[PDB]
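Engineer: Okay, here's the structure, questions in a sec.
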Amino acid sequence: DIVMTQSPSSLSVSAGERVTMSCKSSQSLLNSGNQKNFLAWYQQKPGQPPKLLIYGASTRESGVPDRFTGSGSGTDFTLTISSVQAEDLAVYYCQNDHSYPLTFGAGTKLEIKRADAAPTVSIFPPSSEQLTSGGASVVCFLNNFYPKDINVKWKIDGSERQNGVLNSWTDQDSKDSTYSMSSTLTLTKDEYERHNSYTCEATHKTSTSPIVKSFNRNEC
Amino acid sequence: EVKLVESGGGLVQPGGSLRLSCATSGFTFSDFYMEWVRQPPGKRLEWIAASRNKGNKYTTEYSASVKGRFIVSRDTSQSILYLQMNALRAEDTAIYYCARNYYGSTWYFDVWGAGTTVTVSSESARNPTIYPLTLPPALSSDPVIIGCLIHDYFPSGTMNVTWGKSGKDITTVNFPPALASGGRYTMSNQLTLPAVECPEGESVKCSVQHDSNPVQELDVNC
Ligand SMILES: C[N+](C)(C)CCOP(=O)(O)O
């Protein structure tokens, strides 16, 4: 086997910046006869199939912005993004299209840094339709914040918190490089139906005061 | 017009089998190396099988990780690339992609498929149950916020969610699946749009497309 070593494994740029990811192979990729290395660079955006980025070690595929450039031969290749942009957010895989078994590298996540942004918070009461099933799900959505680190506390009625809460961060937005998260506290119809003031409060670097969207009802 | 579309993938019990297929169109199938690539959950692309052009005998090659259980074939008459998956195990769970290994000066993968998800699990399928996400007109600030709680389903695989509304102001946020308590997943999809694009007794339908199964859709009131 031929190993593809890619570094850094993560990159966090402010955008408008220029970056360079590297990719070395344990074996020469270069033809000793046609003189061309058999190494490709792929770009893999969030939940999309890979897309041809660079072929040969430097040929940029038709359609790719002139921002992407690739050099090297032998075993140590690079990939430089001249002016990082919000859609550059993806994973960059280099591959050995030299010989079987074909191999890829770990890849390099490119992350965009931006100015802190404040989260928009929302609280949605459990659905009637769902109630009538035993369950009750109070979902709270937090949209467009930066940085991602954001704690959310679920104080059921008086004050509470628990292991009955699910949390999900969105990918980095390919437009604002901002995050979004949802926090779902799901209890029982009965359980739910005990208390009545349900609250959601996030604690983000942004503001000092825990941001608290809330709602009271349950009787109804 | 070089298109590759793979199919057949979802829940499969350990010991089970599957036959993923790759429908290749817009080019001379009969003479391009075809390739199978898989992508485990939080892992790199991983190369598995390899077919060859009707140029040097449609010979194969298989990754060590699969040499013996998977078997690659091609229906030359119909331009389809097959992958016979025998004795699946949980480590086999990944998105499968079929690729064209083009060769000009060099070799590189010119066109990739969309992929197809294969979950090798002991557990059993459970369709999501769609609950509307609405705010009593005492919480809506304008823009309106609406969503679909896609709940208690299995497997996770692939979930594409689309709304019956699009344009300038209209945002869609699909949160990744979360393993709840039952060891079943939950996800949510919120749509935000102009309050005038979501008056009353109107509604927007959200559509769930999971793995290889038929569409599931709910009508959510603004
Ligand atoms: C096509 N390839 C670069 C993966 C291998 C080239 O030699 P072979 O495929 O004929 O063994």
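Naming works like this for the structure tokens: A, B, ... for the chains as they're shown, residue 1 at the start of each chain, ligands 1 onward in shown order.
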Please provide the set of residues having any atom within 12 Å of range 60-65 of chain A, restricted to only C-alpha atoms, with same-chain residues fewer than 2 positions apart removed, written as number ranges by chain.
Structural biologist: A: 40-43, 51-58, 67-71, 79-85, 87-88; B: 108-111
Engineer: Output as a PyMOL selection string the set of chain B residues within 8 Å of chain A, with distances taken over only C-alpha atoms.
Structural biologist: chain B and resi 43-48+61-63+105-115+131-135+173-178+180+188
Engineer: Write out as a list in words which residues come within 6 Å of range 69-80 of chain B when counting only C-alpha atoms, dropping same-chain ones fewer than 4 positions away.
Structural biologist: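 Using only C-alpha atoms, the neighbours found are residues 22, 23, 24, 29, 84, 85 and 86 of chain B.
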Engineer: Which parts of range 73-218 of chain A does DSSP call helix (DSSP H, G or I) when run on the backbone here, written out as a list in words?
Structural biologist: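 Helix (DSSP H, G or I) assignments inside range 73-218 of chain A correspond to residues 128, 129, 130, 131, 189, 190, 191 and 192 of chain A.
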Engineer: Could you save the residues just selected, with N, CA, C and O atoms, as a PDB file, in the first residue's frame?
Structural biologist:
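Final output, selection38.pdb:
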```pdb
ATOM      1  N   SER A 128     -49.676  19.142  19.318  1.00  0.00           N
ATOM      2  CA  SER A 128     -50.877  18.442  19.835  1.00  0.00           C
ATOM      3  C   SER A 128     -50.752  17.005  19.286  1.00  0.00           C
ATOM      4  O   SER A 128     -50.681  16.005  20.014  1.00  0.00           O
ATOM      5  N   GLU A 129     -50.684  16.986  17.967  1.00  0.00           N
ATOM      6  CA  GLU A 129     -50.545  15.757  17.195  1.00  0.00           C
ATOM      7  C   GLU A 129     -49.602  14.768  17.851  1.00  0.00           C
ATOM      8  O   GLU A 129     -49.892  13.543  17.842  1.00  0.00           O
ATOM      9  N   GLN A 130     -48.509  15.254  18.421  1.00  0.00           N
ATOM     10  CA  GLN A 130     -47.523  14.359  19.063  1.00  0.00           C
ATOM     11  C   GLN A 130     -47.926  13.982  20.478  1.00  0.00           C
ATOM     12  O   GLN A 130     -47.725  12.819  20.905  1.00  0.00           O
ATOM     13  N   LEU A 131     -48.468  14.950  21.196  1.00  0.00           N
ATOM     14  CA  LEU A 131     -48.889  14.749  22.591  1.00  0.00           C
ATOM     15  C   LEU A 131     -49.633  13.417  22.707  1.00  0.00           C
ATOM     16  O   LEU A 131     -49.273  12.540  23.510  1.00  0.00           O
ATOM     17  N   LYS A 189     -45.931  13.085  27.959  1.00  0.00           N
ATOM     18  CA  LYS A 189     -47.197  13.833  27.942  1.00  0.00           C
ATOM     19  C   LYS A 189     -47.560  14.163  29.393  1.00  0.00           C
ATOM     20  O   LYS A 189     -47.823  15.329  29.703  1.00  0.00           O
ATOM     21  N   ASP A 190     -47.546  13.124  30.204  1.00  0.00           N
ATOM     22  CA  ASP A 190     -47.845  13.246  31.640  1.00  0.00           C
ATOM     23  C   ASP A 190     -46.793  14.232  32.235  1.00  0.00           C
ATOM     24  O   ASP A 190     -47.120  15.311  32.738  1.00  0.00           O
ATOM     25  N   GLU A 191     -45.561  13.756  32.139  1.00  0.00           N
ATOM     26  CA  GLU A 191     -44.385  14.481  32.622  1.00  0.00           C
ATOM     27  C   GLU A 191     -44.483  15.957  32.237  1.00  0.00           C
ATOM     28  O   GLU A 191     -44.467  16.875  33.063  1.00  0.00           O
ATOM     29  N   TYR A 192     -44.591  16.145  30.935  1.00  0.00           N
ATOM     30  CA  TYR A 192     -44.704  17.461  30.318  1.00  0.00           C
ATOM     31  C   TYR A 192     -45.830  18.222  31.021  1.00  0.00           C
ATOM     32  O   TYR A 192     -45.644  19.321  31.550  1.00  0.00           O
TER      33      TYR A 192
END
```
Engineer: Using CA of residue 151 in chain B and CA of residue 185 in chain B as the two end points, give the distance in Å to one decimal.
Structural biologist: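 Calculated distance between CA of residue 151 in chain B and CA of residue 185 in chain B is 6.8 Å.
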Engineer: May I ask for the distance between CA of residue 18 in chain A and CA of residue 206 in chain A, given in Å to one decimal place?
Structural biologist: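 Spanning CA of residue 18 in chain A to CA of residue 206 in chain A is a straight-line distance of 27.7 Å.
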Engineer: Neighbours of residue 211 in chain B within 9 Å (only C-alpha atoms; same-chain residues fewer than 2 positions away dropped), as an MDAnalysis selection string?
Structural biologist: chainID B and resid 9:10 116:118 155:160 209 213:214
Engineer: How would the residues just picked look written out with N, CA, C and O atoms as an mmCIF file, in the first residue's frame?
Structural biologist:
```cif
data_model
loop_
_atom_site.group_PDB
_atom_site.id
_atom_site.type_symbol
_atom_site.label_atom_id
_atom_site.label_comp_id
_atom_site.auth_asym_id
_atom_site.auth_seq_id
_atom_site.Cartn_x
_atom_site.Cartn_y
_atom_site.Cartn_z
ATOM 1 N N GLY B 9 -29.576 0.468 -1.471
ATOM 2 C CA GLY B 9 -28.785 0.578 -0.213
ATOM 3 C C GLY B 9 -29.728 0.991 0.901
ATOM 4 O O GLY B 9 -30.675 1.753 0.646
ATOM 5 N N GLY B 10 -29.447 0.485 2.080
ATOM 6 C CA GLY B 10 -30.271 0.799 3.266
ATOM 7 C C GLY B 10 -29.944 -0.192 4.373
ATOM 8 O O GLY B 10 -28.787 -0.614 4.537
ATOM 9 N N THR B 116 -24.991 6.396 -2.217
ATOM 10 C CA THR B 116 -26.108 5.580 -1.727
ATOM 11 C C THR B 116 -25.696 4.993 -0.379
ATOM 12 O O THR B 116 -24.615 4.375 -0.346
ATOM 13 N N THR B 117 -26.509 5.193 0.633
ATOM 14 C CA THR B 117 -26.255 4.732 1.983
ATOM 15 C C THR B 117 -26.650 3.295 2.282
ATOM 16 O O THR B 117 -27.752 2.831 1.953
ATOM 17 N N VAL B 118 -25.710 2.638 2.950
ATOM 18 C CA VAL B 118 -25.847 1.234 3.373
ATOM 19 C C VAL B 118 -25.512 1.130 4.860
ATOM 20 O O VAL B 118 -24.381 1.388 5.272
ATOM 21 N N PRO B 155 -33.035 3.421 9.787
ATOM 22 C CA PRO B 155 -31.741 3.944 10.242
ATOM 23 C C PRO B 155 -31.649 5.436 9.995
ATOM 24 O O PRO B 155 -32.630 6.109 9.669
ATOM 25 N N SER B 156 -30.461 5.970 10.157
ATOM 26 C CA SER B 156 -30.140 7.388 9.946
ATOM 27 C C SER B 156 -29.977 7.574 8.435
ATOM 28 O O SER B 156 -30.686 8.358 7.796
ATOM 29 N N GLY B 157 -29.033 6.805 7.913
ATOM 30 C CA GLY B 157 -28.724 6.793 6.481
ATOM 31 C C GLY B 157 -28.712 8.207 5.920
ATOM 32 O O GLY B 157 -27.971 9.060 6.434
ATOM 33 N N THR B 158 -29.522 8.406 4.894
ATOM 34 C CA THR B 158 -29.625 9.715 4.228
ATOM 35 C C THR B 158 -31.040 10.259 4.235
ATOM 36 O O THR B 158 -31.989 9.590 3.808
ATOM 37 N N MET B 159 -31.130 11.489 4.720
ATOM 38 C CA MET B 159 -32.382 12.229 4.848
ATOM 39 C C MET B 159 -32.257 13.605 4.195
ATOM 40 O O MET B 159 -31.570 14.493 4.722
ATOM 41 N N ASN B 160 -32.937 13.708 3.078
ATOM 42 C CA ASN B 160 -32.999 14.945 2.266
ATOM 43 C C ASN B 160 -34.339 15.602 2.617
ATOM 44 O O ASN B 160 -35.341 14.843 2.545
ATOM 45 N N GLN B 209 -37.248 12.543 2.308
ATOM 46 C CA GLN B 209 -36.745 11.517 1.380
ATOM 47 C C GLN B 209 -35.612 10.822 2.187
ATOM 48 O O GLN B 209 -34.544 11.426 2.357
ATOM 49 N N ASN B 213 -36.257 4.901 0.372
ATOM 50 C CA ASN B 213 -37.708 4.883 0.497
ATOM 51 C C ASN B 213 -38.469 6.057 -0.117
ATOM 52 O O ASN B 213 -37.940 7.145 -0.332
ATOM 53 N N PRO B 214 -39.759 5.796 -0.337
ATOM 54 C CA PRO B 214 -40.692 6.783 -0.877
ATOM 55 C C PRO B 214 -40.733 8.014 0.025
ATOM 56 O O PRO B 214 -40.340 7.997 1.196
#
```
Engineer: Hey, which of A:172, A:20, A:151, A:9 ends up closest to residue 205 in chain A? Count only C-alpha atoms.
Structural biologist: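 The closest residue to residue 205 in chain A is A:151.
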Engineer: Which residues of chain B come within 10 Å of ligand 1, and what is each one's closest atom pair and distance in Å (one decimal), counting only C-alpha atoms and all ligand atoms, sorted by chain and residue number, as a Markdown table?
Structural biologist:
```
| residue | atom | partner | partner_atom_place_in_ligand_line | distance |
| --- | --- | --- | --- | --- |
| B:32 | CA | ligand 1 | 1 (C) | 9.7 |
| B:33 | CA | ligand 1 | 1 (C) | 7.1 |
| B:34 | CA | ligand 1 | 1 (C) | 9.6 |
| B:35 | CA | ligand 1 | 4 (C) | 9.1 |
| B:50 | CA | ligand 1 | 4 (C) | 8.2 |
| B:51 | CA | ligand 1 | 9 (O) | 9.2 |
| B:52 | CA | ligand 1 | 9 (O) | 7.7 |
| B:53 | CA | ligand 1 | 10 (O) | 9.7 |
| B:56 | CA | ligand 1 | 10 (O) | 8.2 |
| B:59 | CA | ligand 1 | 10 (O) | 9.2 |
| B:60 | CA | ligand 1 | 9 (O) | 9.2 |
| B:61 | CA | ligand 1 | 11 (O) | 8.7 |
| B:101 | CA | ligand 1 | 1 (C) | 6.9 |
| B:102 | CA | ligand 1 | 1 (C) | 8.2 |
| B:103 | CA | ligand 1 | 1 (C) | 7.5 |
| B:106 | CA | ligand 1 | 3 (C) | 8.1 |
| B:107 | CA | ligand 1 | 3 (C) | 5.8 |
| B:108 | CA | ligand 1 | 3 (C) | 8.3 |
```
Engineer: If you run DSSP on this backbone, which residues of range 18-114 of chain A come out as strand (DSSP E or B), and could you give them as a PyMOL selection string?
Structural biologist: chain A and resi 19-25+30+37+39-44+51-55+59-60+68-73+76-81+91-96+103-104+109-112
Engineer: Could you give me, as an MDAnalysis selection string, the residues within 8 Å of residue 12 in chain A, counting only C-alpha atoms and dropping anything in the same chain fewer than 6 positions from it?
Structural biologist: chainID A and resid 110:113
Engineer: Report as a list in words all protein, DNA and RNA residues lying within 7 Å of residue 5 in chain A, evaluated on only C-alpha atoms, omitting residues in the same chain fewer than 3 positions from it.
Structural biologist: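 My list of contacting residues is residues 23, 24, 25 and 105 of chain A.
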